[PDB]
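Just so it is clear, A, B, C, D, E and F label the chains in written order, and each chain counts residues from 1 on its own.
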Amino acid sequence: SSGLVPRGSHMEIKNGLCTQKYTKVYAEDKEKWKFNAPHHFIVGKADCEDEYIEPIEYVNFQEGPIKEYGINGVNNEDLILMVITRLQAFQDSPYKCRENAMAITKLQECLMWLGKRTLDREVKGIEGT
Amino acid sequence: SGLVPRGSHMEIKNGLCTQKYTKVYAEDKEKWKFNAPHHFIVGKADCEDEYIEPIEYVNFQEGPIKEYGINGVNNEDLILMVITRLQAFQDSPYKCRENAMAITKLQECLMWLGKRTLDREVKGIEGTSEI
Amino acid sequence: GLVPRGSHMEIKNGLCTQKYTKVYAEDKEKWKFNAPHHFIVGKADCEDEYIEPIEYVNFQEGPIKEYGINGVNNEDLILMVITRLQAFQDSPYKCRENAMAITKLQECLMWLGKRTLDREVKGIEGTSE
Amino acid sequence: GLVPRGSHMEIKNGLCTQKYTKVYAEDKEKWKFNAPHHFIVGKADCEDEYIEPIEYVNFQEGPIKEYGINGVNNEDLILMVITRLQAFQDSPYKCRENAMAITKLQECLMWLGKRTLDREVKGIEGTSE
Amino acid sequence: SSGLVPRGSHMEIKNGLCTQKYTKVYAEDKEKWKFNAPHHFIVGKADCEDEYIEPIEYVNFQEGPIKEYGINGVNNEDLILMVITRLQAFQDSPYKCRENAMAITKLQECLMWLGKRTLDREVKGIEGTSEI
Amino acid sequence: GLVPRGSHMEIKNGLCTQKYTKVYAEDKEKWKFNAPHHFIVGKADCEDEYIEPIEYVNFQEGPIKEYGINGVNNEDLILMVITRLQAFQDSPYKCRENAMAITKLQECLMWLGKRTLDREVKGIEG
């Protein structure tokens, strides 16, 4: 109940575009990455000691084909969808600002490009292999 | 059971998003606090509309941190997860131009939100409820 | 050979080099469904009173449901151009400018298709609603 | 009302709905100067064996000053799509997707023109490099 | 001493996207802006007292329409060209990176949008004039 | 008020019309650390044999503690142009072309800054 776990082999996702002023993002060890990608992220509090993670939230992504492991996580599109929704809500508030508008546009165009990968794999017939 | 009562939860629907296996839900718009939804659920789509089959719960920071403390994730955290995974894909056999475009979009989204944050730092109002 | 200009207007764009060819559409008073639909690419060195057609391009006027398939869509023309520029990128003449142009054109299709997908949440696609 | 499809190839693009029309081009073995120049928009409701032409679009093939003006340019079609989208914006059909698309198509024209202006700075306009 | 000049009527151009680590940007006061924009910019050392400016560089922009007032300063396009040229040089070097590539693309598209404006104004015969 | 062009290179760019002004840098042979640092804006109506200086612009050349702060940064000039274009946007000359330009310049600043921030996470910048 210390709201606190051993950092273990979890890797801290540290990226120049993120300030880590309040939160830190961890994922699992690269050695445990399945299918070329990380799938088990933790958002913890940044002022936590480095040997531990103070967990705020866990986010797990679909890992393996739904065909044999079933539905077991979220998709990138789900998270992007939540952000667009929230930002759009702020646009409908006194916090409306141009930076949010650009961010919404970028996120929509992001969804468009990911969708294009999918639609192309349709026209090629190999969807979800 | 795997199902929970849908209740006031509203399904979030975008045409840009497919919906085959997953569904996204937020708390009811009348129940939003601080002008946005903060309590999302991804559930299984093949569920009756009366219910939600929750896969994942995501709760966002409610209220400025400097006034209410850390109690949820930020947009930036989720976007960083998606970036990290797309970059991982690019460093794989499935590197592709669409993923590169999507990374560029997500990074530029982070830069626009970060311009907002920097401006609010300069004005000293970052993490508050000032406008 | 030539035809009379008449009520046809010349479509000038400052972004368009307009060296050897000129573009025309029907008079703006003659537009149906709020847009021009009958375009003529003609030769530039021709009379003011004359258009020397090279090609006619006819867009779908009104809903197919009522007026039948009777013209092309914007998406079709843009598909043509994307195909050609992608062909150039398989050539000695691959250049970054063509790559940018392809990216812009694909993103244009994406925004038009977001409009379509939204109208297909409402089942009003191809209609005048 | 029909022509045989023959060697014409069907342009399938995932960003293109192909709900009511298909776009066809000439065989790749017949592409001249690295690119297709002879496109057909036909009705999607036809057997593969046949094409039901709605419209013919022919692109200038060969240098203009050696073969004369025999077809349209990419910029011509893009100009028409921009013109019609701006008409839509100046109508009840105005929407943000159209504004986005108009922006993208203008930036397309800007990049293609850059290619031109650069080649003129190098003094190499209209040559094989 | 010999370097320092009084800040006086100079405004400091603070932008959250600029780091201000080694330099600061100043311009003439908004009250003195001619033709709706600042034209007299000073890059100075940041590690100065706010009372003074330590000029590193003066940049003076074309002030008043050229047709009317003649050439007396640089244009936005000139400085953007300078920056593009340097960034392209960095791309053609051991220090090639994707961020510079994006910045070059953005600056080029900036030149293209300003140029669409200039094109459109040529066609109207109003380029270089004060006409709207 | 002219000067000899000398070894100075003229920056000839398809995106630049040279209608009123020409931009010049130093000879490629004199480039330090892979880039030009000493630019001149001169009047374009000048024979190739002279430069008609309107303005000199010198960029930070060499490491800062070895040679001092001896010039401007790319970010500074972009900040000037953004400030001017925003002023124009608050004027009778407001237009969509300016707004697009501003957006591009802000995104340019974001990308250059990202390189800086990435380097700082990895422990070296400046």
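Going forward, a contact is a pair of C-beta atoms (placed from the backbone, for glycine too) under 8 Å apart; a residue touches a chain by one contact, two chains touch by 3 or more.
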item: Required minimum of steps from subunit C to subunit E, each step between chains that touch; value: 1
item: CA centroid of subunit B to CA centroid of subunit E, Å; value: 38
item: Length of the line joining the C-alpha centres of subunit A and subunit B, rounded to whole Å; value: 8
item: Rounded Å distance, subunit D centre to subunit F centre (Cα mean); value: 38
item: For subunit C, residues that touch 2 or more chains besides their own; value: 15, 100, 106-107, 110-111, 113-114, 118
item: Overall pattern in which the protein chains touch one another (line/ring/star/complete/other); value: other
item: In contact (per the touch rule at the top): chain pairs; value: A-B, A-C, A-D, A-F, B-C, B-E, B-F, C-D, C-E, D-E, D-F, E-F
item: Partner subunit D, residues of subunit C touching it in the complex; value: 11, 13, 15-17, 20-21, 23, 25, 31, 34-37, 39, 41, 43, 54-55, 57-59, 64, 69-85, 87-88, 90-93, 95, 97-98, 100-101, 104-116, 118, 126
item: For the subunit B and subunit F complex, residues of the former touching the latter; value: 107-108, 111-112, 114-115
item: Contacting residues of subunit A [partner subunit D, same complex]; value: 105, 116, 118-120, 122-123
item: Subunit A-facing residues of subunit D, complex; value: 12-15, 100
